[PDB]
2 protein chains.
Amino acid sequence: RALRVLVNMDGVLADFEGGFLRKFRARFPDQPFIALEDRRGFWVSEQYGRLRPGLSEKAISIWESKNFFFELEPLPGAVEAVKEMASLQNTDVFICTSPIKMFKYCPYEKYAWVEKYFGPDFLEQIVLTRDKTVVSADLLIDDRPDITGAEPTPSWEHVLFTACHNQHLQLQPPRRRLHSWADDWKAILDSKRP
Amino acid sequence: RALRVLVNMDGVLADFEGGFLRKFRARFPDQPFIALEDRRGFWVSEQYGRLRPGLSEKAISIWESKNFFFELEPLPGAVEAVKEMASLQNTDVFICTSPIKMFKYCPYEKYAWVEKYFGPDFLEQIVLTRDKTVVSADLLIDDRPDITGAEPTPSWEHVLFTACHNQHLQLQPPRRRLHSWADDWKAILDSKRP
Ligand SMILES: Cc1cn([C@H]2C[C@H](O)[C@@H](COP(=O)(O)O)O2)c(=O)[nH]c1=O
Ligand SMILES: Cc1cn([C@H]2C[C@H](O)[C@@H](COP(=O)(O)O)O2)c(=O)[nH]c1=O
Ligand SMILES: [Mg+2]
Ligand SMILES: [Mg+2]
Ligand SMILES: [Mg+2]
Ligand SMILES: [Mg+2]
């Protein structure tokens, strides 16, 4: 009976794109890179591998490194918005996030990051999964255009969170965006309430 | 269109009760303990705290310790059964597990344990969450009697996996058990298929 909202972590709460670019340039100063304006498509590794041989593996090495996830900066407005959202009557918020294959640091640091920005009690709201379609809710706010998995008819409406890699994408109606946390997220939530 | 089954980790795949008792007795040999036959109720910490002052905190210290989760032994038949189950046509298996509050080791070691017993490709099937009711499926096989959360009407049927702490519990019809992995799990799955 409470509206349930899944909020994606990387590219929505945490600035994966910015953190990755900064750390890639610092580690690999002699390699070419993709400026954020020129990012296209969800997969960083795939765009970097097209740029040249061996860059896909070098990109992956950034996010496999210790401290990568933990040191991501929150996207503007994200912490404030999600705190407000969670505090709303008849509204339950979960943070829904996919870990990488290499599991040494990523799960741990994601829990640490949520504690850092939202406090210990918000840890109970984390769902770590590679398949978001088996998580049920009214809304999923997520920067990845193509969200698929084991469930062919997910219960949520996917609202596309704007990111550098998707900002030029024309969606099929009635697919809808949340343009940033400065955009009117309350209106989107209210549109799904009884 | 594929039957989806959530399989709980602790108390179903991994022998939490046995591992905990062994490590508690080794660390705290001068303290009283609860033999598995005498376990009642999901919460170990709560039964130990009733046994005496300070034992709840000493129990918690076992599973907060490094290597606790990783070193759990699989329950008899569990690895074999889940491998077979996953390989069945029109059947998708996810491992659905709740982490502790202290996140330094538990998420990491749970991923490590799944890799160890099921292989790298099975990592994609893990769902870490404190709330199982927001995970949608046809079945949930889980040793905890009371499974509640944000979703008042979960999409799964909860089948109670027998454990020392629940073996004496009379369930309200039509609630049903899977008595061990030697019991006929295929019959339970088939009962939910079209
Ligand atoms: C951009 C990118 C992210 N990832 C991982 C990083 C995060 O663990 C996961 C985040 O996905 P999500 O934002 O859909 O939850 O995707 C890759 O493995 N390769 C990539 O190219
Ligand atoms: C028995 C017990 C388990 N736990 C934790 C251990 C596991 O992380 C989690 C397993 O729960 P689950 O088997 O329902 O997924 O419960 C406690 O925090 N206190 C306890 O007394
Ligand atoms: Mg994302
Ligand atoms: Mg609320
Ligand atoms: Mg369990
Ligand atoms: Mg299968």
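Residues displayed in chain A correspond, in order, to Swiss-Prot positions 34-227.
Any Cβ shown, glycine's included, is placed from N, Cα and C.
The active site, proton donor annotation in Swiss-Prot covers A:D43 and rests on a curator's inference. In sequence order, A:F49, A:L105, A:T130, A:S131, A:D176 are the residues of the chain that are 6 or more apart from A:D43 (active site, proton donor) and have a CB within less than 8 Å of its CB.
When Cβ atoms from all protein chains are considered, those within 10 Å of A:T130 (substrate binding site) total 27, not counting its own. Annotation source Swiss-Prot lists substrate binding site at A:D43, A:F49, A:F75, A:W76, A:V77, A:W96, A:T130, A:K165.
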Span of the substrate site, taken as the largest CA to CA distance across A:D43, A:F49, A:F75, A:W76, A:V77, A:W96, A:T130, A:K165 (Å, rounded to a whole number): 21
Filtered recorded positions, from A:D43, A:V77, A:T130, A:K165, whose Cβ is under 6 Å from an atom of ligand 1: A:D43, A:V77, A:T130
For A:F75 (substrate binding site), nearby residues of its own chain (Cβ under 8 Å, 6 or more apart in sequence): A:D176, A:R177, A:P178, A:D179, A:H198, A:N199
Listed recorded positions adjacent to ligand 3, that is, members of A:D43, A:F49, A:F75, A:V77 whose C-beta is under 6 A away: A:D43
Long-range Cβ environment of A:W96 (substrate binding site), under 8 Å and at least 6 residues apart: A:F49, A:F53, A:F102, A:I133, A:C139
